[PDB]
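What follows is one structure encoded as structure tokens, with my remarks underneath.
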Amino acid sequence: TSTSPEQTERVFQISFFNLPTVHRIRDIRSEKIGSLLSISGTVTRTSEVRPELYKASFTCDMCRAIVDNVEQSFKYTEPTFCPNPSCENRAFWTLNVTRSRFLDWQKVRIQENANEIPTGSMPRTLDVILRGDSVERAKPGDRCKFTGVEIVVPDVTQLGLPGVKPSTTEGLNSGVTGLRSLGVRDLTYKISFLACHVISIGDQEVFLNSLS
Amino acid sequence: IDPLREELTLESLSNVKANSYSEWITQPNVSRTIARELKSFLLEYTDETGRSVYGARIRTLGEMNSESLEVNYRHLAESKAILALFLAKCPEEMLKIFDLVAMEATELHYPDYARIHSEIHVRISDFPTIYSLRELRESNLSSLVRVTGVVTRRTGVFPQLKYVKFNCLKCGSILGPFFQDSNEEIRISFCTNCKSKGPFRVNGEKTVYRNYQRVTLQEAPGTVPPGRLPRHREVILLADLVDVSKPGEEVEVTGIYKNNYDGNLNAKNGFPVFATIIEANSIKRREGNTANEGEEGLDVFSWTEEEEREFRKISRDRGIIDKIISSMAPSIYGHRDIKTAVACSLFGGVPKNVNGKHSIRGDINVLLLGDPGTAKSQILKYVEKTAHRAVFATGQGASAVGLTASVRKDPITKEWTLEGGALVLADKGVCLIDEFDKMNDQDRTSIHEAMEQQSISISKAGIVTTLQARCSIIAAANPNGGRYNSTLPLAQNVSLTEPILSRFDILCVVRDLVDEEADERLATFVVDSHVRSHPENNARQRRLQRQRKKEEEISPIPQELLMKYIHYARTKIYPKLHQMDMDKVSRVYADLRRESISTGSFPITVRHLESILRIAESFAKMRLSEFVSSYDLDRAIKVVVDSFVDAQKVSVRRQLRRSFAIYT
Amino acid sequence: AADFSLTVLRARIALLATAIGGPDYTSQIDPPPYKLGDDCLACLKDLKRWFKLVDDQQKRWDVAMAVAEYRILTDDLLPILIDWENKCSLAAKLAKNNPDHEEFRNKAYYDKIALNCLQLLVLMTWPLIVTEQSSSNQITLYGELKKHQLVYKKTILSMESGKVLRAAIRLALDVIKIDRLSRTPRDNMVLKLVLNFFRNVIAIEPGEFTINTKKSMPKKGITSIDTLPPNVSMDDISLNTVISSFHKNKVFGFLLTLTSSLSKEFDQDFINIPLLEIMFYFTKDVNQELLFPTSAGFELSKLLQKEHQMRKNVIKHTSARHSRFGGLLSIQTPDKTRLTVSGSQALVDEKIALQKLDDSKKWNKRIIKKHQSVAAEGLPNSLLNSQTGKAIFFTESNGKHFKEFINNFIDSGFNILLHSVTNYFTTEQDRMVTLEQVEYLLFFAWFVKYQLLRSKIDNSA
Amino acid sequence: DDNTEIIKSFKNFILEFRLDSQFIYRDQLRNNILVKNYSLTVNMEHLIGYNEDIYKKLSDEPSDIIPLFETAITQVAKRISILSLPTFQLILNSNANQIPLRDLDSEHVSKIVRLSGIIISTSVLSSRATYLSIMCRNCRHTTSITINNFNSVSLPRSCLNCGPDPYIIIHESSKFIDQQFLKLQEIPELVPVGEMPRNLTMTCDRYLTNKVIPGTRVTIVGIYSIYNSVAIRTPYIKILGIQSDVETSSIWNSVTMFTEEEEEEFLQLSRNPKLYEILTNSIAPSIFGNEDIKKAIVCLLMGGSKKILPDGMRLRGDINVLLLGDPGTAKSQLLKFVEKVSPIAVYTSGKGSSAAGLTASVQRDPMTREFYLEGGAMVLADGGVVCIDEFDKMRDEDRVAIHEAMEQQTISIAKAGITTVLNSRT
DNA sequence: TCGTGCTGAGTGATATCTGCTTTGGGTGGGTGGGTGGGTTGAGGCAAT
DNA sequence: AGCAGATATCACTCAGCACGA
Ligand SMILES: Nc1ncnc2c1ncn2[C@@H]1O[C@H](COP(=O)(O)OP(=O)(O)OP(=O)(O)O)[C@@H](O)[C@H]1O
Ligand SMILES: Nc1ncnc2c1ncn2[C@@H]1O[C@H](COP(=O)(O)OP(=O)(O)O)[C@@H](O)[C@H]1O
Ligand SMILES: [Mg+2]
Ligand SMILES: [Mg+2]
Ligand SMILES: [Zn+2]
Ligand SMILES: [Zn+2]
Ligand SMILES: [Zn+2]
């Protein structure tokens, strides 16, 4: 019919499963951050699906130069140096959505199963993030088994966000300092989970084709 | 030859040579080619009839002083596939070009139309694909989408700056005006001349303003999975689109799926997540139109000039009223007395305001008190489908303030506010209350003021206001004990009180009696209807033709044509009484009162004389006649007298019928 | 003026691109076949004229940017060459079936179009060099044009598994079909064009990240140095992909045939230098030790053990308790003065205490490094500036193919190529530019060292 | 330059207009000055007749032209009253087509429009600045600012080294005016299909304040402007003239406003030997019979006399009427007519009413977090008639709240620390 | 090929000035949010 | 009052040459 001009490279996703051990939410520790492990819990709440910036592309305000493939951290990121020798622009950039790449993003809230809960104790809660095809695969009330990587989530606020003014434990939760970004502020951390695999534990012609 | 003025061809236009669709469309030559092709499509497109659809649409647009030209997506897709693909993929620039080419087709018909409306907007009617707010993903970004939902929240109409002009704080030079995106703010960082890091005071000698409104679209209860939380989106309504959707309604939104940077979102989530919105292109009122989803166009009750001529031709026929009555609920075998009442209620009367001091209701209320299996709920469903604005409610499912209007505290402003109800939503429409007898007393009592004064009075939390409720009420009820006792008076068969009964213009009592011939005929008709509706029993044209053939068997008038006819008659026809037999009506009223003096009989008051006049007006309206004739008055008298006679007991029914034989 | 002229230039080149031709969607056969326009040859000639009269004589590069914007290459020239090559292959198969069978019409016109397409390909793929005298327009468009060249190379090596290489080989073999005495200067020019095309394809690589130095670097600093286009990865343009494509399309055989009959059945003046440049660009970034080393698992285990030892040595510097434990140390100098240090390791050890004392110091003595951009001299990235240890990670099959090709060349024609190059260059020493000197020296050194290593490993060769 | 010419043209219009042999506006200005009424009411038809160019200039840019007209009026007043006075106010009257309140949009921005509605809320008088005396913190430089209340002004950003915003207002030497805020709703008959009534914010200055009470239909002439509370502006109306069918001044004051020609029309009518029959026939002409109920309604409208005894005891002077009857008696129509004819009246449904609806309601301010008292039908209908339809439908709880209102004509509130006794003479 | 200045402009660096904004409370708002705090009292509504 | 960004004026390194050794 016609030539499609937009054909970008595929974003492959690797999903693991069948791990030898399944952990509980209460068994999560900081020694396993950045490790591949499986957890089990009951889904409590599910957020909506949002587009997440993955590979941003920017254009220079001054000379109209183009900067592409800007990897994004937990916060919004912009270039600092123009690729144009002549141009002096450092801190003046505009995002280009046409050339940018976005990914599906969902936040899932889970809590430990009732049977695993110590008697007379409040359930423990954790945040699970789903991306790509794993989105909308867990519904509230289900008992799911997630396989993924334990991560630590900073306070993006502190780090400095465009247009965002920055800012249990009785003031004893003091963050880390000394960073350039954090001129007089401190950085706190939060344990989260990035899941790459979800398993929920708990007309004639069309039908005939399905059967063996 | 100037290269910027050269143009390509359609097959060459199909071949894309740019890095993206937007870049291909924005090129001068490609833009000129697209504009030329769109103009050709608008000017030369012909339907099955052979006349230019969009020429007539433009004529009507200019006649009504409107600024919105409706274009059917299917027509464009068949005529120009490549242009339809471009519109689907890059709605923005394609819509800009389409708007330009439309003010040159409007201006073709009305040369000086620019003095009325500066710009004309193009609205897409039937997008082939329909999405749910759950199904939206990142692949739909910057592309036309069609979603359905519930208008939970609404803002007030604000003037938004079309063009923004900036001036340097320091230098003082005033930058040229810039296009204001609907989605997010426009700012200037780098000055072309001054080259100053500092901000610009925003000032302008003359600014053009644009209507702006925002709504909170929510998944409809019907479509959301059972027991799961709904999803919502924010819809932005620009000029000419404001106030078209009212809170609590069900709508289908055609718009552009857009994303923008949100700092607080990022902050809260902890990930680089972009906020999403919908830029409304077209709105279709889906409320009470579930069974009308098989039609095309933004409004199924709207009409064209040819359809108006067809309506006139149909009306000129002598037996128009009989056909209209027969076309009411064709799948229901008989009940020609429940169909006549329903038709009269649907058409309604003419409200009157004598010298600005006396207000007279102009709507007809109907009550169906009958046996369990006499096809009352189906009649109510048909009335809901046919009426322009209809609301359906159940007995106990309706509260005293769910009907009428209710008071809440506003989440945003933390102040008491007013919300509408069933009645409000049914303004200039019909309110259907199934299981009327099962209603709570409190609930029932609510509608008393609304059913006669056509207004709702609220005095709560410092809110002193009066609303407009010009809605007709058709209700279905079951007699006390679950079955009518024809021996006892009407009053003893129902628990309703005198005022509520008097407020009902027409009473239709339905009895289920065992009779060989009646049972045989009803069973035969029901079996034939069931066989007719079996799912198994161009492609679109063939489907429409077979549907028309099936419909022709049981209805003399097409259903869609009937709905358009009813809407046209209600909107454009206001019959008046000038010649009429005063003595006949006076004697009928006196006789009705004398016969109703009996204890336990159906109440009779001046309301029923006014109802006789209203039914005469409605019968006159059914023919698109500007004046009530004697035949219509006689028919109304016959209807009312027959209802009154049927409401009586078995013992005295013969005497009553013999006495009133003169009028009927 | 300048902006309006740029707009007119872009519009005219866009019209040319749309007029060259495109796929014919009318035919039901899928994927659709490319169809030539009415004035394909005229369009190509006009494009070449634009290149000559605007890009070079006026010292600008707007024509190349306009050509890259509208995808003239990836959509018109490469499909044309591939279709012509497929037609020639079908004709050869038919001749095999029956030599008298022919399925060609307007063969001369098709060959003319193919030759013009190859010439334009060489023009667009020619190396880009920025000098001190380069105009402002040339300086400003360096990075964008380099990115477009990267895209061109990726498409050339990927599309149809790289059949345009086979098309160029066929064009060269057309010249080879006629005897050396019968070879006209045009044929030698075509051969040089093919060799230059191969050299350009091998040579292209990511450019440098140029930053203005007017202002001292901000508090933010350098984010990243990325020159790759949006949808291009290093895997597409690496020498591994080049080796794969060349092996698949039998480019190595053609080059070996040319270099084995060198100076005997060919005119060496045209062919000696292009071969030398091709081979230098082949072997400039390749370390010869890697060529003479599952084993991957064994090496991974060894590297993991090495990292484990490094981490174990690092552990002694970490405190068992958390940071806020708060141990304070006082260390006595030879004179009675006490210095303060913090950390458990300070209390438990003395060398750690002195190391921390040193480390805590704020003042730094300035270090000035004399850095020369290689792009300034026009040279490519090679062993001279590549960081020591930078290894080209070949696959087993690709490594075997590359080793076989190099071995065959060294056993066939390295002697003759070196002799011819040395004669030609010593005859014309003064005209040498820096690039030619570096090229000759590096080629000689690389091949001599590789032969030494192979002789050590294998007693035969 | 052009401003001086505009002022001269306005002065010439004031000093030269005449339709027969009376200079209407000159004499009107003199009479207004005599009684310390610094204003002037101008009929726009006269302005159009005198010179269409002046009307065109006024309509094109009202916010920039009206102040020049006020300055011209002030100059003419000084010429006519002082033998060699704050800025005078301009009040406009027009007969242009009334735009529905809901039809006000972007197209009507910064233009003179006429519309009618119902006032639902009024604010407490505030203070605006007209003449400001300022002084610089560092060098103590005295300066003055003259401010007009028409918005398209701030303290100087730079002194005349001194830091940004160096001027501080001296209050004892400044002059202020009165300002008020009103909320205008749309007429119930003009509301579109199935829509809630719409509210509009409006402002009045000086002599247009304290002119309307909540619940009274009014006609407003003003400018449809916008103010920035980022890509949007909040619409509002700048009142230039108020026209109402109820003499609010004569209702809240013992003072009575009636022209001599009126007073003598009402005396002649009273002299009629059979005025009772005329008034009885004049109520609900479209309702047959019910003569006794019509007489009762006449008596209720007229009301009795209230006496305050020396000991402090007060005797009610209002008449209440109840209609208990069968359906179809036309009681609701009589109630609607009574609500229409009485100078002050509120029509309420018993069903749709509450205890807090019909007396007064404790309401917390969202911002100040302070509790205030809003008013209900029996405070909004003070001095008038309350038509309580469907009396029987009213809950007991709701009903019981009416006794003191009916008999003692007062509302006693003891809620959220608010102890007050309101007045409800209905 | 060491020693001692004289020249020198380049490449820094660090000692040195120019503009927010804040607390919390409506003397910044509701096109910054309500999971960053405030917050007890009255009022209307549905299930009971 | 404190904090983060920026300007501009402060030195220091490698650069290279003349004399004589
Ligand atoms: N004497 C009359 N003259 C004119 N119209 C009348 C008369 N009596 C009744 N009507 C009409 O009868 C209808 C009765 O409705 P209305 O609401 O006025 O009744 P109501 O007496 O308040 O009864 P309900 O108790 O049922 O509310 C109205 O249309 C009224 O115009
Ligand atoms: N007169 C009739 N003609 C055709 N179908 C009928 C008739 N009466 C009843 N039916 C059938 O019987 C059913 C009656 O159910 P319904 O009318 O909904 O109950 P109710 O009368 O209590 O509302 C319907 O599904 C309808 O198809
Ligand atoms: Mg039913
Ligand atoms: Mg009533
Ligand atoms: Zn730049
Ligand atoms: Zn400037
Ligand atoms: Zn000063």
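The chain as shown is numbered from 1 upward.
Method of determination (from the header): electron microscopy, 3.3 Å.
Cβ from N, Cα, C; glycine included.
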State the residue range annotated as motif 'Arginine finger' by Swiss-Prot; the candidates are B:502-505, B:542-545, B:606-609, B:622-625.
B:502-505
For which of the residue intervals B:33-59, B:141-167, B:168-194, B:357-383 does Swiss-Prot record zinc finger?
B:168-194
How does the motif 'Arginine finger' (B:502-505) divide up by DSSP, counting helix, then strand, then coil residues?
1 helix, 0 strand, 3 coil
Taking ligand 3 as the reference and 6 angstroms as the Cβ limit (strictly under), which binding-site residues among B:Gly370, B:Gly373, B:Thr374, B:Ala375, B:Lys376, B:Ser377 are close?
B:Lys376, B:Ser377
Outside the motif 'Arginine finger' (B:502-505), six or more residues from its ends: residues with CB under 8 Å to it:
364-367, 448, 451-452, 475, 603-605, 607-608, 611, 614-615
Same-chain residues six or more away whose CB lies under 8 A from the CB of B:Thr374 (ATP binding site)?
B:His335, B:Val510, B:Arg511, B:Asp512
For the binding-site residues B:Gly370, B:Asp371, B:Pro372, B:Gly373, B:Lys376, return the ones with C-beta distance to chain A below 8 angstroms, or 'none'.
none
To see if you understand the setup: which same-chain residues, six or more apart in sequence, place their Cβ under 8 Å from that of B:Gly370 (ATP binding site)?
B:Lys376, B:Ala476, B:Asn478, B:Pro479, B:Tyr484, B:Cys508, B:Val509, B:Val510, B:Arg511, B:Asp512
Got a sec? Which of these binding-site residues, B:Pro372, B:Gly373, has the most Cβ atoms within 10 Å?
B:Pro372
DSSP three-state assignment (helix, strand or coil) for B:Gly370 (ATP binding site):
strand
Whose Cβ lies within 8 Å of the mean position of the Cβ atoms of B:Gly370, B:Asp371, B:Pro372, B:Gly373, B:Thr374, B:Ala375, B:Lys376, B:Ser377, the ATP site, other than those residues?
B:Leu368, B:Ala476, B:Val510, B:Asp512
For B:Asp371 (ATP binding site), nearby residues of its own chain (Cβ under 8 Å, 6 or more apart in sequence):
B:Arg483, B:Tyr484, B:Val510, B:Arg511, B:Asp512
